[PDB]
Undergrad: 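Have a look at this one before I ask anything.
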Amino acid sequence: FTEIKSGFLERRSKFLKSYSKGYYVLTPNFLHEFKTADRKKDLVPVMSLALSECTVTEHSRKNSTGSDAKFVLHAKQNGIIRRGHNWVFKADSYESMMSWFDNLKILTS
Amino acid sequence: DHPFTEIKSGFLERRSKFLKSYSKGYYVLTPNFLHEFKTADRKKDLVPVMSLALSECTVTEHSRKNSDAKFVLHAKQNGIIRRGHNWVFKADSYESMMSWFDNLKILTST
Amino acid sequence: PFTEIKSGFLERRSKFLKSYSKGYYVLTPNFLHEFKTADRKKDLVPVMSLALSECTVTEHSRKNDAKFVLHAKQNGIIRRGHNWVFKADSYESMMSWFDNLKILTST
Amino acid sequence: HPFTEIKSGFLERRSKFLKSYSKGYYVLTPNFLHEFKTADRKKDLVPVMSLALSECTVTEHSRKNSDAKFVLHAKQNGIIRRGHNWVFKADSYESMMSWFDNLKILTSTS
Ligand SMILES: O=P(O)(O)O[C@H]1[C@H](O)[C@@H](O)[C@H](O)[C@H](O)[C@@H]1O
Ligand SMILES: O=P(O)(O)O[C@H]1[C@H](O)[C@@H](O)[C@H](O)[C@H](O)[C@@H]1O
Ligand SMILES: O=P(O)(O)O[C@H]1[C@H](O)[C@@H](O)[C@H](O)[C@H](O)[C@@H]1O
């Protein structure tokens with residue numbers, strides 16, 4: 001229940017070149033993935049990515065100034081992601097993506 | 001790897017009821033979870049072994065002072081622990097146990 | 001990221017004036033805070049923050065009936081040994097407050 | 001006897017009217033930076049002030065080389081006027097950074 005942001009995101013597989021969706025919760029410590037949004041019964045994160053090991057590097061530009069709703073989370077250290085690898089996430093709109101990005105930028109700076 | 005919203009951290013031993021022995025781990029309490037890590041290296045070892053949602057846990061009994069450094073964490077829902085099942089923790093002292101117990105209790109009242 | 005246990009309006013009785021005044025309260029693991037209003041973004045300064053570790057809850061109404069008593073164990077906002085009475089809109093709502101408080105303040 | 005505290009210690013806050021630092025004992029929780037006159041966590045439990053983190057940010061801090069200061073900025077009118085700034089001083093650079101990084105992660109939406 002104590003969080004900065006939560007909602008669905010699609011995470012890309014580099015090798016498979018496809019996306020899979022999960023329900024994410026950002027807290028001051030972790031980006032957690034859960035299979036669902038039911039916070040009372042779905043209690044065990046699929047994974048918890050420690051923010052202190054991550055940075056957010058790039059994001060999409062708005063189309064007019066999911067195509068424009070991506071951002072990249074970079075691993076600074078070996079954790080869930082191998083050091084100096086990157087995961088790409090896709091939110092429903094540029095606007096929602098920037099909400100994720102702007103929080104993550106502060107948390108990981 | 002530098003900041004973390006930790007309310008309490010330290011080593012605890014958790015009794016396994018199948019293995020008949022305690023496993024020690026490095027635990028960190030946040031407002032949302034009691035996380036276990038294999039080690040205390042808060043800069044590098046940052047994938048939890050397990051993360052117990054406080055929203056579905058309670059703390060129920062503990063040792064009387066007079067080891068006397070144990071307490072029970074109970075599951076309200078099916079998670080890491082099956083609904084209605086209980087895990088027993090052992091801290092280094094009664095006093096340390098009560099620091100854990102009181103910090104958990106105030107985060108699991110609902 | 002607000003960690004709260006419960007929030008809502010309660011009326012707090014004055015023992016001497018024999019009247020109630022209403023406030024918007026927020027129970028956290030550490031305090032029962034009163035605010036003038038429910039607007040969490042603009043009404044930022046607690047009117048008072050009662051430390052739970054200095055309090056117990058002692059009695060409450062039986063169902064017909066929405067009152068409970070918060071007892072000061074030490075001198076804080078309330079004098080040691082003294083009591084404040086709170087009234088919530090229903091027995092059910094009152095028990096929600098009381099049951100949380102009982103756990104938070106139990107020895 | 002328990003308290004969800006993420007960080008606590010003495011800080012000096014600069015008053016811009018009094019032209020001096022006032023020292024107080026501060027306790028960070030997930031909701032507030034509270035000031036108390038003393039460190040007596042069992043008896044001195046009415047905050048001097050409680051700064052809502054939802055409407056605070058941390059903005060600058062000292063470069064290593066006092067170098068133990070940081071600025072807390074107000075987003076809204078509260079115990080600081082909106083857009084005004086308070087300067088804190090902690091015993092060392094390292095301790096200042098522990099405060100700064102702990103605040104920063106709790107004030108990313110503010
Ligand atoms: O994020 P993943 O795990 O897909 O990491 C890849 C890096 O993304 C590439 O820069 C790099 O070129 C490598 O190919 C690497 O697999
Ligand atoms: O008195 P000590 O510190 O040896 O505590 C023991 C407990 O008494 C046992 O229940 C428990 O099963 C453990 O063996 C633990 O060692
Ligand atoms: O630690 P030192 O000796 O540098 O003391 C200074 C204070 O640190 C300043 O905040 C205050 O602004 C004064 O400039 C004062 O010089």
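Atoms within each ligand, like the ligands themselves, are counted from 1 in listed order. Reminder, nothing fancy here: chain letters follow the sequence lines and each chain counts from 1. Basis for what follows: all heavy atoms, side chains included, without hydrogens, waters or symmetry-related copies.
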Undergrad: Whether D:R13 and D:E35 form a salt bridge (side-chain N of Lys/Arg under 4.0 Å from carboxylate O of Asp/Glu) is what I want to check.
TA: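 Yes.
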Undergrad: Using a strict 4.0 Å cut-off to heavy atoms of A:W87, name the atoms of ligand 1 that fall inside it.
TA: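 Counting atoms of ligand 1 from 1, those under 4.0 Å from A:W87 are 1 (O).
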Undergrad: Answer yes when C:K42 and C:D39 have at least one side-chain N-carboxylate O distance shorter than 4.0 Å, and no when they do not.
TA: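 Result for this pair is no, no salt bridge flagged.
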Undergrad: Can you list, by chain and residue number, every protein residue with a non-hydrogen atom closer than 4.0 Å to ligand 2?
TA: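 Within 4.0 Å of ligand 2, the protein residues are B:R15, B:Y22, B:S67, B:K70, B:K90.
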Undergrad: For the residue pair B:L54 and B:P31, establish whether any side-chain heavy-atom pair is separated by less than 4.5 Å.
TA: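 B:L54 does not reach B:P31 side chain to side chain.
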Undergrad: Hydrogens and angles aside, do A:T2 and C:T3 bring a side-chain donor and acceptor to less than 3.5 Å of each other?
TA: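 C:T3 and A:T2 do have a side-chain donor-acceptor pair below 3.5 Å.
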Undergrad: Please examine the side chains of C:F35 and C:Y25, heavy atoms only from C-beta on, and report whether any two atoms are closer than 4.5 Å.
TA: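 Side chain of C:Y25 against side chain of C:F35, heavy atoms only: no contact under 4.5 Å found.
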Undergrad: In terms of atom number and element, which parts of ligand 1 are under 4.0 angstrom from non-hydrogen atoms of A:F15?
TA: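 Under 4.0 Å from A:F15, ligand 1 has these atoms: 16 (O).
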Undergrad: Provide the full list of side chain to side chain donor-acceptor pair (under 3.5 Å) pairs with a residue in residues 60-71 of chain D, sequence neighbours left out, each pair given once.
TA: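 As it turns out, the side chain to side chain donor-acceptor pair (under 3.5 Å) pairs with a partner in residues 60-71 of chain D, which skip direct neighbours, are D:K64-D:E94.
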Undergrad: Under a 3.5 Å cutoff, is there a donor and acceptor pairing between the side chains of D:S8 and D:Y25?
TA: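 Yes, side-chain donor-acceptor contact under 3.5 Å.
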